[PDB]
Structure formats: structure tokens, C-alpha cells
Amino acid sequence: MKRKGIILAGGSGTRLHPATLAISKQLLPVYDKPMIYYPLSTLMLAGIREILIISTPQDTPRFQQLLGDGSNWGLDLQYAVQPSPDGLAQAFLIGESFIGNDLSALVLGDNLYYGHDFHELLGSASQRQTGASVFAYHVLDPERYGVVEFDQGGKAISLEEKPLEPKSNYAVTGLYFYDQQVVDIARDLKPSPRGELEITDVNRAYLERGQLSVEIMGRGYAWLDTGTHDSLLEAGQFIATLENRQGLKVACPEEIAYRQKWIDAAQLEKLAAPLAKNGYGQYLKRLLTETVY
Amino acid sequence: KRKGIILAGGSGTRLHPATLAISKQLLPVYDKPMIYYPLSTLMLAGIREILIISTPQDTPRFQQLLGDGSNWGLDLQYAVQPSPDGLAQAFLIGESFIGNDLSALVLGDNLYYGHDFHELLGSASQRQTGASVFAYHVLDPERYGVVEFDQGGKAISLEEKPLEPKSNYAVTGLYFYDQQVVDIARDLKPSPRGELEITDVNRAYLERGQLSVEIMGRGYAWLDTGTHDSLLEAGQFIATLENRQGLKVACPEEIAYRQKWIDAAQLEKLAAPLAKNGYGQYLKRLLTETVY
Amino acid sequence: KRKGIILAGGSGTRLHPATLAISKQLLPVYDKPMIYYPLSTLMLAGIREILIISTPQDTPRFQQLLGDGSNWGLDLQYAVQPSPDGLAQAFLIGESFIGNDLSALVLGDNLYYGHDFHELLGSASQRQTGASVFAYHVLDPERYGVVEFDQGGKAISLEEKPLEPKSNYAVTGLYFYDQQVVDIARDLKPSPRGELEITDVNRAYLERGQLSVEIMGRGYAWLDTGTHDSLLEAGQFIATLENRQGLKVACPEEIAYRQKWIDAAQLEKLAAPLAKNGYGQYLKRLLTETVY
Amino acid sequence: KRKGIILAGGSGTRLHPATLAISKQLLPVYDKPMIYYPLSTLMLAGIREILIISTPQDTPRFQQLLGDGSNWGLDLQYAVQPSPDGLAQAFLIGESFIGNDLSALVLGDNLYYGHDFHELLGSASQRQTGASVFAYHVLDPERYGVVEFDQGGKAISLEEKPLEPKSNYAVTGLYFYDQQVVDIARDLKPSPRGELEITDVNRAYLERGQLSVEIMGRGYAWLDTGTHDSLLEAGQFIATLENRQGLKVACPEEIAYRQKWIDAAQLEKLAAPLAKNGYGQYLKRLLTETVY
């Protein structure tokens, strides 16, 4: 079966104000491209082409000016609104229609992943047609996240959203794969105390049925989020140092669509033209004549 | 009375797609909009009435962000530059705003930092005839207007983006003008870059013996935020200073309060909505801490 | 078993006068001495018997810092290189250390990070024939050995610092060799730089169809610290990973404990003298924490 | 004439295991050894006769790096601090060196930067009585000696690392004294902390009304490089400045040359050995360029 993708890019701007008074978080660039390009690329890497972008009323159209219908890139992009930041799990209600009876995946708009064989990392959750899959990453500050505890032999046994007393240092990252059950599970949720329809609650509903797979995203991968002013800067220096060392870009959607045969040489050259004066255009052009392994 | 102009225009293409959603001078430098930095330079210069010139598309955004200025004791006006045909256009678009007064222009992506910037400025601020500009030693003079000095340190020439720069002293993006400026700009023809050049206005004043070129010393940081790499360095530079000091660089509310353009009750009102983050926490602390 | 060599020598003139004080490979990269990185690399390759070759002045310092290696379950020995006469000299200097064994040489200023590095290394290490090198996509191939591939992905040429590189794929500072290397290096002659070149050794294997070149993907970071700018960038990179993860990159005590080369007891004892700092604390937490 | 002391000692625990190999004041801040920075500060104060105090292991390493100073027109000497028991030991260790002169002390890991620092220093240095220190707004004053002022801006108390700082003004690591210092140091008794405290020397001057506390404004950067994080920040700070400007911060040869302590011929000789790297090219450029 076919899997559809959602990017949740909405949310409170009150935190990063006044920095984000003119531009919301996921519309800011990370080094040399819009934040949203990173998670989008994530979904492309997992082989997903039909993607729903959920944002604030005010931001939806911006994302549409930026990305279009996605046909330029071999994608089918649609848009929906989150009237109010009332929980990541609402994504499934906003998207019920878009999901239909298909499998799905959700990624958070400010989640930036980097590393080797992200294809094989995703591939495996991608292929599971029953149940749900999530990824755990070792962090310094687990209490800011959904936290997954494991027993002595490695199996996940508990989940807790932002525990005052975390049971482990493994955070659940902002990338989740679901089967056809997810929308009915979300339907039944009641808001937590902190006023939110919790993605941790969905994931636990699968876990309590023995249907939650928890994969380790190893320390050789970099999972960054653009939470704060200090974190955005580190994410920018991190992308800059890789890009400048390699002369290759991270998370360039045009490149990915081309590597995946979603667009052809000819399509890519058309994308390159209007960018020809700058480095991003120059990059795309180099890609039609260079083999990159 | 010196009136101020901020010019925040500029051809987008370079930085796309990064700035596809948002113009460069709308991006944050660390923890605050880029425009706050040149706005705060004018405020430091004692200028309260300011004109912000942007593109048709970015003008409404600057207004959304900044309003009419009254919250900060300022009088902010807006005008549009339909096409990027040179910085000197600001004086034609700004003719009526300027009227018969002195002026100051600053470029919207110039960030300045250092000690006694308020005295560095007041100096040019207070000469009522002529024009004044600042020269700063850089690695890449060719990217800028360049000022050549004679053996005795007197300015003798200006060239816009010269192939063979005659010195390493770039003219920075901050300019002080007397009443002659609008007419000087009225009589300029485009350059072979196809622009109405600020270097041409400054040279017109030089050719009348009426240009003052002050040295902006190497103890001041003059940063340009308009490449991806340079914006990152600037964000890091501000970050290091703010985290070391627990003070903010170029916080307009703070400067306006320090200048008595707003009172305590007004600042308290500014801090309210931001109370839930670090910036609001900052504004509140300024009501009760003495900072030298 | 394969034996390892770290060539940690040279001037580091690009690093004057910072290295006037201390040798580049002794400078830290963020929180640990630079040499820890190439050492950790060897350890991840399964290598425990390692020869550290450095200048006559630094050798005793390396010796002071790392000891005989027993503390970490290793066998560390030391030799001097009298003048920076080429990386291929490691094989003559280290002739007797190698004996009749497989070997590996890593450069002292190269750092590697990435998922499954362990398996990427283990694969080259476990080969019992020919030579293995890794090719990595870079923006400036003119600074390294450059590998060219035919249309089928087969390596067809190698060049040392070509002014016009035939590809963007550089040969990284990590090399694995069978029993053929000492005798190949014995017959090398100096090059123009005036160096016995590792590239010539590697072309000698390529000529016999015995050089395995594996691509090290863009999902890996390969950085080197041989310029002021590059050392800065490398320290930030590490900082950012370790501060996010609450784990360390290239911690030899960790690695040695994970590979079972030392036990809990041995580990707790390494940590104690470092208990007042985060490093010690870090080693201590490893006893009680499971890290996948 | 005023005599200068650089206290470059201490363990560097916060910095392990990074500093096992080398002391923290030998580590680079971007492009030159950390010690260059306080050395530069004393030179900018017009001080040419300096005593470098360090641990017994680091003394020889500083001697090998700086020598006797004659190449830079300075007169450098060396002494050892047996154990890190307080900044104020520097005055007992350096008793004979100070003799009957004015003196100054700077910490080896403190870096200063900003416009007219030259003049800010020279004013304290040129004073011929009492004690002078500088106060600087920080985010974490608990780590420093902290100065409390009255409602009129007058320093009234000093506390060493208070849990509840009375203000956010820290005492930076640069101190100027008259001939009273040595006898005052002679009378101190170890603290709680267990050190002979500089803060107690300063309070003794304050009790006699003879401590001048000047504000170092927010327009100056005062950084310390005593942790792995702070060292990274400082190097990035210097890099941004030096890459923007095409000039160097705290280059001793430059400052010596500018002060007329060494001549053109002497300088050209300094550059030669460094000619193949940037630092050398920079000294050479200073022979022909006018820098304001």
C-alpha cells in the first residue's frame, strides 16, 4: 500500500518573538534554504510524493507561494489549516480526508535530520503495513520531549510526554509512520492537562496494543530542531560546514526529485534557469553533468 | 532637525530560495529582526523621525512589524521603491519627507557595534553644512565604495566597486547630508551598472570640498548580513556578545527608554505581551536595573 | 590482526604562530586532543597495536599524553620522523613495527563522523589483500589526492594535488594495506614537493588491479583540521553534536569499554582522576547507562 | 614606567582532557596563542617590561614561545607559581621584579577588544597612585569578583564569587597598582576558598578610598576562554573580526611596530620565517600600508 505524508508546520510564534514577528519559524532559512525544505526532503527520502502541508491560517498561503502544487518537483502538495495550536495529534483530524484509507507519515516542520543511509533508516518503517513506527535518539535534555523507556533487553516499554523525571535519555523524534488505524485513534483522544491533543498519546495507543515499533536513530545521525535562537544558529553553522566542505547541498528537494526519477534532466534545467545568477541555480545545473555517488 | 531614511530595498535573486518567503532585511540576526539594527543606529544618532523605503512587496511587512513608531517614541513613515535602480533614489522618493531639513541615510542590512558609537555619530550629526561618511578597513574593498587618502590622510577620491581598489577603506552604509542632497541627486544620470549611485552623491560633495570622511576604527565591528555565510557570522557575533553580557545589542525599546522618548509606564506596556519570552523578560529587567 | 600507524608529524605552518606553541595534533578539537580522533578511528577499525610517528620534539609529548596504551587496552609504541619527507615514509620508519602483518595508516589531523562508520571501517579492515582507500566528495579536490572513475564506477586514475582535477573525489587520510606496502614504499622516489607520496603507493596498487576505492557518502563528515578556519569549524561541529546528544564523539575510553578491551573496574578508575570535570563524569555515566 | 605581570597559571580542569598535552594559555584563539592577547593588552598600556608567571611545567613552554622579548622590543622574564593558590600570590612571586615601581596584572586567559581600548588602558596606566580596576556587565557575575555601586555610581563593596551577587558588574582580569600592592599582598591570609585573593587586595585599596573602578562599557568585548565552549566562542569572534577587516586583533609585532618599539628593518626580519603563511604576509603588508 500507498503512504501519504503530512508536514506539521504550525505553532506558537510567541516564543521566538520578536525575531519571528515578520517570518514564522518554518519559513526562516536554515543557512541557505527554507526550514521546510528539510522535513519535506525527509518525506521525499522515505519515497513519499503526496504530501499535505498543515500550517496556521496566516502561514498556509505563504507555504503555497513558496512550494505551489508541487508538480515542478514531481510531487502532489496540498494545504490545510490549523486554526489553533491545539496539539500535534490534530493533524490527523485536519488530514482525515487527505489520508482516506491509506497509510501515512507525519513529520514536524522544524525537524532537520542528517546522515548516512537515511534511506535504509526510513525504508524499514516505510514498509511496515500494520502498526506504527517511531524513532528514538539519545539527547542531553529528554525532558523537552516525548521520552521512550526501554527494558534491559532493548524493547520499548513506556512513553511519557515531557516527563519532569525522564526514565531515559531517548527522545522520540518528530517523524512518525502510521497505518490505517491512526485517524480513529486520534478521534478518540481527549486533550491532555496542558491543553493538547498529544502525539505521545497516539503512539502509546499503539504501544498498549503491542503494535508500536521503536527504531534507534543512532548517534552517527544528527537530529537538530530549530527550537530556539541558539539552536537555529547551530543548525545553520552545521549545514554550512558540511555544504562548504563537500560542495554538495543537504536537503535540496530539486536534487532529490531528480535522483529519484521524479523529474527529468529537462525538468531540472527549467528549475535551474531562473536561479542561474545565484549559487543554488549554479548547483542544480552542475547536477545534470556530474555523477555524485 | 535631522530626519532619517532607512533603505531596505535590494534585488532578491542572490539569496533565493532562502529569502523566497522573506526578504533579507526581514530575517533575524540572532534574536531580532535585521531592521532593528540600522533603526537603532539612527536612534543612537538622536533621530526620531524616520522614513523606511522598501519594495512594494516588503513595505507592508515593515509596517506590520513596526507600525507608526509611537510605541517607541518614534515617528515612522513609509515609502516604496518600485524598482532597484540605485540607492540614490531614496532622496527622490524621500524629497517631501526630507523637506528643508538635514538628513541621514542608512542601509537596511548594515549592522554596527562598539564603544561610544553615540559620540562617533554625534560628531557627523552636528555638522550642518556638507556631508559626512565613514571609512572602514576591509578585506574586500572591491565590493564597496572605496575612499582613497593622500599621504596626509585627507580623502582624495571615491570609486564605486573598483576593479583595482586604491585602498582597503570602504565607505560604510551610513551617510549624513545637509540640504544640498536632494538637488544633487536630482542631477545625477545612471551609471554603467545602470544605477543612481550613492558614490556619485558623495563625490559631488567631495568635488566641492564639502565631504568629511571620518575613520570608523578597527575597534568597531561593521558587519554586512547579506550573504548566507555573512548572516551566520553576524548572528554568532551578536549571540556571543549578548550571552556574555546578559544585555542586548540594538534593542530599540531600550534605546528609546534610555533617550526618554518613552517612560517607564510605556516600557512596562511593551514588555507585557512578550512577558512569556526572553525579550520581554529583558525589557522588564531594565525598569529596575541600573546599566552604565 | 592488523597493525595501525598514526603519522602525526609535520610543521603545521598554515597554523603559525598558533602552533609555534603546540603541535597541531596536540591542539584540541573542542574537548579532547586532536590525536584522539584518528586514534579512535583505528580503534573502531578493530586495531589495538598502533605506532605513533611524530617529530623528534613532539614524540616525547605524545608519549607523555598517551602512554603505552595499557590503560585503554591498547599497545602503543612510538617512532620519530626526522624531517617531513612524505607520508609514505611511515612504512620505512615503521618497517620493523609492521613486520609481516596487514597495516593501516591514518593522518593525525583528520576527523570522521557518521552512522555505521564502524561497519564501513570494519569492512576495509577485514580485507586480507590489496589496499583500501576511501573517496569523498569535496569542493576543493585540488588539495588532495584525486580519484577518477570510469562510467561504470571503476577507479581509473589517481593524481596528487592536480591543478585541474578530473573529479571532485578526494582520497581521505585513511589507508589500509596488505603485505605488499613496505616493499612498494622501499622503491619509491621523491616527488617534486620533495615527498615520498602515499598517492604513488596507492597508484602502484591501482596498476596491479589491487586498489579497492570505496565511496564514503555525503552522509559522513570527513573534516580536516589543518587551517585556522578548518579547526574552528571542526570544533563547532563536534560541540554541536555532543551538546545535543549528551554523548561524546571519538572518546577512546568509551570505545575501549564498548569493544570490551577494558572492564567496568578499569573504566571507573580512568574516570576518578577526571571526576571534577565533565569528561570524568561522562566516563562515569557510561557504567550505568545503556547507549544503543 | 609601569611593570606588567601575566598570570598564566592554573590547572584548567574545566578544559580536560584537552589540556593534558598543553596549558590553556598556549592553546590558540583562532590564529594565535591565547597568551598573545593579554600580552597585547599590556603592550597597548605602554608596558614593555613583563613577568610571565606560570606553573613549573608550563614555564619552559612559554620561554620557548616568547623568549626574552627582545625581538619585539620587550623585556620578558619568567617565574613559577608553585600551586594555583590565588591571583594575589603574583605580587609575592613578583616582589623583586616589581621592585619600587608601579605595576599591572593581567590574567592569561582574558581577551579584550574595542574602540579606544588603547586610551581606556593608557588612562589607568598613566595614573600614579592607588589601584584601578574595570567593571563589566555580565550574565553570570557569580563566577567573578563583583562590584556593588551606590545610587550615585560609587563603588561601595567587593565580593569574591558571591552566590547572590549584589550586581551584575564583574571585575575584569586587568588590574593596575601603585607601590602599596606588595605590602598589602604580604599581609593577606588565605580565604575560605583557600586562596590569597585579588579581591582582598582591591578591598584594601577601597577601604582607604584609593580604588578607582572604571566602567568598561558594553561596546567592549571582554571574553574569557577558560572553558571548551568559551574558547570556541572567542575564536569565532576573532575570526569574524579578522576576516571582515583583513587586519589582526592583538598581533604583538604589529603593536610593537606601531609603538616604535621595533623598526622597519626589525619587522621585515620577523616576517621572513613566517612568509609562507598568512601571519607572515600580514607583517609584511604592514610595512607598506597606512592603517588608521
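Note that the chains take the letters A, B, C and D in the order they are written out, and that residue 1 is the start of every chain.
In this text, a residue touches a chain if its C-beta (ideal position, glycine included) is under 8 Å from a C-beta of that chain, and two chains touch if they have at least 3 such contacts.
Novice: Greatest Cα-centroid separation from subunit B: which chain?
Specialist: C
Novice: Nearest whole angstrom, what separates the Cα centre of subunit B from the Cα centre of subunit D?
Specialist: About 35 Å, centre to centre.
Novice: With chain centres taken as the means of their Cα atoms, state the distance from subunit B to subunit C in Å.
Specialist: Using C-alpha averages as centres, the distance is 49 Å.
Novice: If a residue has to touch 2 or more other chains to count, which residues of subunit A qualify?
Specialist: 237
Novice: Classify the chain contact graph as line, ring, star, complete or other.
Specialist: If you draw each chain as a dot and join those that touch, you get a single closed ring.
Novice: Chain pairs that touch, all of them, please.
Specialist: In this structure, the chains touch in these pairs: A-B, A-C, B-D, C-D.
Novice: Using the touch definition from the top, list the residues of subunit C that touch subunit D in their complex.
Specialist: Contact set of subunit C toward subunit D: 13-22, 26-28, 30-33, 61, 64-65, 228-229, 231-232, 235-236, 239, 274, 276-277, 279-280.
Novice: Provide the residue numbers of subunit B that touch subunit D in the complex, in ascending order.
Specialist: 113-117, 120, 137-140, 149, 153, 168, 215, 217-223, 233-234, 236-237, 240-241, 243-247, 249, 289-292
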